[PDB]
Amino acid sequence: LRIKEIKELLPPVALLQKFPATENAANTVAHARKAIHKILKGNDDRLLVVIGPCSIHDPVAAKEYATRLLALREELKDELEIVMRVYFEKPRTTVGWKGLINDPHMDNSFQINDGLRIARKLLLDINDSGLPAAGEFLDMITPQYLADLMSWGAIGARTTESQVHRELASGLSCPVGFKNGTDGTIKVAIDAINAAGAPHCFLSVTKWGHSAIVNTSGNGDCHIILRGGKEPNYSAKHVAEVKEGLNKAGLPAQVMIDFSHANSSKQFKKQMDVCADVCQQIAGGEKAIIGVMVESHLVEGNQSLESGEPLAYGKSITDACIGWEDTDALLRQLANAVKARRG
């Protein structure tokens, strides 16, 4: 057998009971989801902005970032719907740290029970403060522990074509963005949107920690996310092709543009260049761009865990992010671009 050991896992209900949603938290989620729904439906000209760390590895830095971002969210609420990237799960090209939930202590001790408690506690605090959260839905079992506190979700480039993730999206209570393939393929995301919009029947683990048969209604609040491929795909030229592709597929011609990952060629400072281009498109009247994604942290760059020496505070241990000063500038640029488009 290739199973070394099997260990006890607290059921979702244990986490929901220990960390119940507060009225403020529930309101934050309900309002954010509705706001995003209105944008996708075309009943609001504001831009959805999913911004924050590539991954959460420290609740302290996470809450500090959340407090700073909440101020920006309030300041620019007329042009932007700001949602924090609160990513607890990370897909790896091969192997590596999978996130706070899988290995919170970042030492391969895999204390997942601790990870889930730490994650829900933080997610609860952030929502309670009035700031919506976004994250990648990678795992099929973790959703039950945190989905009630998520206002928007993403299906990664490496899983957009996966039927199991499309099934999951079809039953999520929040809007969902599907990233194009790592090679830049757009079709897998368009297909994912259509698939997730239909009802599905599949096996899933309930809040009681038991497997069961579930039937979903389908999720109409799904959209594509352009995150680049071999080459970036954020330009007006690419946006134009994607819009036609969506229409041809019978879908609304709308897109979210990720400024990071392949669109910045893995160079964090380049997110500022992507921003400039996207702002020009938006300011120029491009109504298709309904959202953007940015990897930002308190301090720019990133650091390695394999290094050894203590970790620098508020610095990413996964993908490099832009610092807070550039983050303030970028959010401002976007807000102004939205105003320009609005006229």
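The numbering used is simple: start at 1 and walk along the sequence shown.
The stretch with the higher mean CA B factor, choosing between 89-97 and 242-250, is 242-250. Here the stretch with the larger average CA B-factor, out of 306-314 and 55-63, is 306-314.
For the set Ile190, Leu172, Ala212, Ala236, the maximum C-alpha B-factor listed in the entry falls on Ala236. Across the options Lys77, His223, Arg166, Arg120, the residue with the most elevated CA B-factor in the record is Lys77. Ranked by C-alpha B-factor against the other modelled residues of its chain, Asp183 falls in the middle third. In the deposited entry, the Cα temperature factor of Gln144 places it in the middle third of its chain's modelled residues. Sort the chain's modelled residues by C-alpha temperature factor and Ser265 lands in the highest third, per the entry. In this PDB entry, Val255 carries a Cα temperature factor that places it within the middle third of its chain's modelled residues. The entry lists a Cα temperature factor for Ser162 that places it in the lowest third of the chain's modelled residues.
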